[PDB]
Structures are given as C-alpha cells and as structure tokens.
Amino acid sequence: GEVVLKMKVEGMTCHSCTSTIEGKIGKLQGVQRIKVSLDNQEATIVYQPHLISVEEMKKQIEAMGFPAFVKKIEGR
Ligand SMILES: [Cu+]
C-alpha cells in the first residue's frame with residue numbers, strides 16, 4: 001500500500017492554490033491520492049515510497065511559495 005504524508009500549510013486559504021498543487025502533484029509519476037485541505041490549513045499527500053519522495057512533494061509545494069510542515073507518516 002501507499003504512504004500518507006500530512007503537511008501543515010500556512011496561507012493557503014482558497015481553492016486555487018490547493019487545486020493548483022493538487023494538479024501539479026497529481027501530474028507527478030508516483031502519487032496515488034492527495035487531499036489538500038484549506039479550512040484546517042493542512043495538506044494530505046498520498047504517494048508510493050519508491051516512485052516519488054517527501055522532498056519532491058515539499059520542494060514542489062514550497063516552490064510555489066506556500067511553506068509546509070511535512071511531519072506525519074500515517075500510512076494504511
Ligand atoms: Cu490560495
């Protein structure tokens with residue numbers, strides 16, 4: 001099975017930033033599911049620990065401008 005990463009995000013309080021990241025991340029060869037929230041300012045990224053990595057996720061996310069605190073590995 002895949003692995004869930006939970007990253008707290010700041011500032012992302014609209015559907016645009018979140019959707020944009022959802023698309024961009026969705027594009028990457030190795031992600032399986034993604035759940036970027038805004039309300040509770042937190043981003044779920046669900047990827048396969050082989051194809052892509054935390055750093056790809058964050059580096060690509062942070063690169064947009066949105067700082068993110070990737071620190072939960074609650075896979076199932
Ligand atoms: Cu936004």
# chains A, B, ... in the order shown; residues from 1 in each chain; ligands from 1
>>> closest_atom_pairs(of="chain A", to="ligand 1", cutoff="10 Å", atoms="only C-alpha atoms and all ligand atoms", output="Markdown table")
| residue | atom | partner | partner_atom_place_in_ligand_line | distance |
| --- | --- | --- | --- | --- |
| A:10 | CA | ligand 1 | 1 (Cu) | 9.8 |
| A:11 | CA | ligand 1 | 1 (Cu) | 6.9 |
| A:12 | CA | ligand 1 | 1 (Cu) | 4.4 |
| A:13 | CA | ligand 1 | 1 (Cu) | 4.9 |
| A:14 | CA | ligand 1 | 1 (Cu) | 3.8 |
| A:15 | CA | ligand 1 | 1 (Cu) | 6.1 |
| A:16 | CA | ligand 1 | 1 (Cu) | 5.3 |
| A:17 | CA | ligand 1 | 1 (Cu) | 4.2 |
| A:18 | CA | ligand 1 | 1 (Cu) | 6.6 |
| A:19 | CA | ligand 1 | 1 (Cu) | 8.9 |
| A:20 | CA | ligand 1 | 1 (Cu) | 9.2 |
| A:38 | CA | ligand 1 | 1 (Cu) | 8.3 |
| A:66 | CA | ligand 1 | 1 (Cu) | 9.1 |
>>> residues_around(residues="residue A:4", least_positions_apart="5", cutoff="12 Å", atoms="only C-alpha atoms", output="PDB file with N, CA, C and O atoms, in the first residue's frame")
ATOM      1  N   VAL A  31       2.569   9.581  -7.273  1.00  0.00           N
ATOM      2  CA  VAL A  31       1.491   9.863  -6.351  1.00  0.00           C
ATOM      3  C   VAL A  31       0.264   9.046  -6.744  1.00  0.00           C
ATOM      4  O   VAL A  31       0.076   8.729  -7.917  1.00  0.00           O
ATOM      5  N   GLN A  32      -0.550   8.686  -5.750  1.00  0.00           N
ATOM      6  CA  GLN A  32      -1.719   7.832  -5.912  1.00  0.00           C
ATOM      7  C   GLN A  32      -2.994   8.554  -5.466  1.00  0.00           C
ATOM      8  O   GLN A  32      -4.061   8.354  -6.047  1.00  0.00           O
ATOM      9  N   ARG A  33      -2.912   9.402  -4.437  1.00  0.00           N
ATOM     10  CA  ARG A  33      -4.037  10.189  -3.971  1.00  0.00           C
ATOM     11  C   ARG A  33      -3.472  11.397  -3.243  1.00  0.00           C
ATOM     12  O   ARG A  33      -2.281  11.469  -2.951  1.00  0.00           O
ATOM     13  N   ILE A  34      -4.307  12.397  -3.020  1.00  0.00           N
ATOM     14  CA  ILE A  34      -3.908  13.658  -2.486  1.00  0.00           C
ATOM     15  C   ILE A  34      -5.182  14.251  -1.902  1.00  0.00           C
ATOM     16  O   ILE A  34      -6.272  14.033  -2.445  1.00  0.00           O
ATOM     17  N   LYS A  35      -5.044  14.892  -0.745  1.00  0.00           N
ATOM     18  CA  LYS A  35      -6.112  15.587  -0.071  1.00  0.00           C
ATOM     19  C   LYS A  35      -5.613  16.890   0.562  1.00  0.00           C
ATOM     20  O   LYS A  35      -5.298  16.938   1.754  1.00  0.00           O
ATOM     21  N   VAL A  36      -5.532  17.950  -0.245  1.00  0.00           N
ATOM     22  CA  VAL A  36      -5.086  19.254   0.212  1.00  0.00           C
ATOM     23  C   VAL A  36      -6.268  20.007   0.824  1.00  0.00           C
ATOM     24  O   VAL A  36      -7.183  20.396   0.102  1.00  0.00           O
ATOM     25  N   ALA A  43      -2.371  19.737   4.468  1.00  0.00           N
ATOM     26  CA  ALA A  43      -2.281  19.096   3.177  1.00  0.00           C
ATOM     27  C   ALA A  43      -1.904  17.627   3.359  1.00  0.00           C
ATOM     28  O   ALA A  43      -0.915  17.302   4.016  1.00  0.00           O
ATOM     29  N   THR A  44      -2.731  16.741   2.803  1.00  0.00           N
ATOM     30  CA  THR A  44      -2.532  15.306   2.760  1.00  0.00           C
ATOM     31  C   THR A  44      -1.950  14.973   1.396  1.00  0.00           C
ATOM     32  O   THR A  44      -2.528  15.379   0.390  1.00  0.00           O
ATOM     33  N   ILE A  45      -0.857  14.220   1.341  1.00  0.00           N
ATOM     34  CA  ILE A  45      -0.260  13.793   0.085  1.00  0.00           C
ATOM     35  C   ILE A  45      -0.074  12.281   0.187  1.00  0.00           C
ATOM     36  O   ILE A  45       0.537  11.831   1.153  1.00  0.00           O
ATOM     37  N   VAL A  46      -0.640  11.497  -0.741  1.00  0.00           N
ATOM     38  CA  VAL A  46      -0.634  10.038  -0.656  1.00  0.00           C
ATOM     39  C   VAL A  46       0.135   9.447  -1.839  1.00  0.00           C
ATOM     40  O   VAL A  46      -0.365   9.426  -2.969  1.00  0.00           O
ATOM     41  N   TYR A  47       1.360   8.978  -1.586  1.00  0.00           N
ATOM     42  CA  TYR A  47       2.267   8.575  -2.649  1.00  0.00           C
ATOM     43  C   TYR A  47       2.921   7.234  -2.371  1.00  0.00           C
ATOM     44  O   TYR A  47       2.840   6.702  -1.263  1.00  0.00           O
ATOM     45  N   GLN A  48       3.564   6.691  -3.406  1.00  0.00           N
ATOM     46  CA  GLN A  48       4.149   5.367  -3.383  1.00  0.00           C
ATOM     47  C   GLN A  48       5.659   5.456  -3.099  1.00  0.00           C
ATOM     48  O   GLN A  48       6.396   5.989  -3.936  1.00  0.00           O
ATOM     49  N   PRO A  49       6.136   4.971  -1.935  1.00  0.00           N
ATOM     50  CA  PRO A  49       7.505   5.170  -1.467  1.00  0.00           C
ATOM     51  C   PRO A  49       8.489   4.330  -2.279  1.00  0.00           C
ATOM     52  O   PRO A  49       8.945   3.275  -1.847  1.00  0.00           O
ATOM     53  N   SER A  53       9.033  10.976  -3.544  1.00  0.00           N
ATOM     54  CA  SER A  53       9.504  11.118  -2.171  1.00  0.00           C
ATOM     55  C   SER A  53       8.939  12.383  -1.520  1.00  0.00           C
ATOM     56  O   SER A  53       8.516  13.307  -2.219  1.00  0.00           O
ATOM     57  N   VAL A  54       8.983  12.438  -0.180  1.00  0.00           N
ATOM     58  CA  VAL A  54       8.640  13.621   0.605  1.00  0.00           C
ATOM     59  C   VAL A  54       9.240  14.883  -0.010  1.00  0.00           C
ATOM     60  O   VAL A  54       8.555  15.894  -0.124  1.00  0.00           O
ATOM     61  N   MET A  57       7.493  16.086  -3.176  1.00  0.00           N
ATOM     62  CA  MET A  57       6.292  16.715  -2.678  1.00  0.00           C
ATOM     63  C   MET A  57       6.561  18.122  -2.114  1.00  0.00           C
ATOM     64  O   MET A  57       6.090  19.111  -2.667  1.00  0.00           O
ATOM     65  N   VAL A  70       5.740  19.057   6.632  1.00  0.00           N
ATOM     66  CA  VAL A  70       5.621  17.616   6.428  1.00  0.00           C
ATOM     67  C   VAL A  70       6.152  16.820   7.624  1.00  0.00           C
ATOM     68  O   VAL A  70       7.361  16.689   7.792  1.00  0.00           O
ATOM     69  N   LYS A  71       5.257  16.311   8.483  1.00  0.00           N
ATOM     70  CA  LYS A  71       5.659  15.539   9.649  1.00  0.00           C
ATOM     71  C   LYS A  71       4.568  14.596  10.174  1.00  0.00           C
ATOM     72  O   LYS A  71       4.209  14.639  11.351  1.00  0.00           O
ATOM     73  N   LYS A  72       4.064  13.698   9.330  1.00  0.00           N
ATOM     74  CA  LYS A  72       3.233  12.588   9.775  1.00  0.00           C
ATOM     75  C   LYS A  72       3.309  11.517   8.697  1.00  0.00           C
ATOM     76  O   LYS A  72       3.119  11.871   7.539  1.00  0.00           O
ATOM     77  N   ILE A  73       3.588  10.260   9.052  1.00  0.00           N
ATOM     78  CA  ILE A  73       3.726   9.146   8.112  1.00  0.00           C
ATOM     79  C   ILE A  73       2.679   8.093   8.502  1.00  0.00           C
ATOM     80  O   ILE A  73       3.005   6.985   8.920  1.00  0.00           O
ATOM     81  N   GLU A  74       1.401   8.466   8.408  1.00  0.00           N
ATOM     82  CA  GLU A  74       0.282   7.672   8.911  1.00  0.00           C
ATOM     83  C   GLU A  74      -0.322   6.847   7.761  1.00  0.00           C
ATOM     84  O   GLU A  74      -1.486   7.012   7.399  1.00  0.00           O
ATOM     85  N   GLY A  75       0.488   5.985   7.141  1.00  0.00           N
ATOM     86  CA  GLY A  75       0.035   5.147   6.033  1.00  0.00           C
ATOM     87  C   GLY A  75      -0.939   4.062   6.503  1.00  0.00           C
ATOM     88  O   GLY A  75      -1.023   3.776   7.696  1.00  0.00           O
ATOM     89  N   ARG A  76      -1.668   3.448   5.566  1.00  0.00           N
ATOM     90  CA  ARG A  76      -2.598   2.360   5.810  1.00  0.00           C
ATOM     91  C   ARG A  76      -2.769   1.660   4.464  1.00  0.00           C
ATOM     92  O   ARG A  76      -3.049   0.441   4.467  1.00  0.00           O
TER      93      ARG A  76
END
>>> closest_residue(among="A:8, A:22, A:42, A:68", to="residue A:55", atoms="only C-alpha atoms")
A:68
>>> select_by_dssp(residues="chain A", states="strand (DSSP E or B)", output="list in words")
residues 3, 4, 5, 6, 7, 8, 9, 31, 32, 33, 34, 35, 36, 42, 43, 44, 45, 46, 47, 49, 52, 68, 69 and 70 of chain A
>>> select_by_dssp(residues="chain A", states="alpha helix (DSSP H)", output="list in words")
residues 15, 16, 17, 18, 19, 20, 21, 22, 23, 24, 25, 26, 27, 54, 55, 56, 57, 58, 59, 60, 61, 62, 63 and 64 of chain A
>>> atom_distance(atom1="atom CA of residue A:50", atom2="atom CA of residue A:37")
24.9 Å
>>> atom_distance(atom1="atom CA of residue A:21", atom2="atom CA of residue A:62")
10.0 Å
>>> atom_distance(atom1="atom CA of residue A:60", atom2="atom CA of residue A:1")
23.2 Å
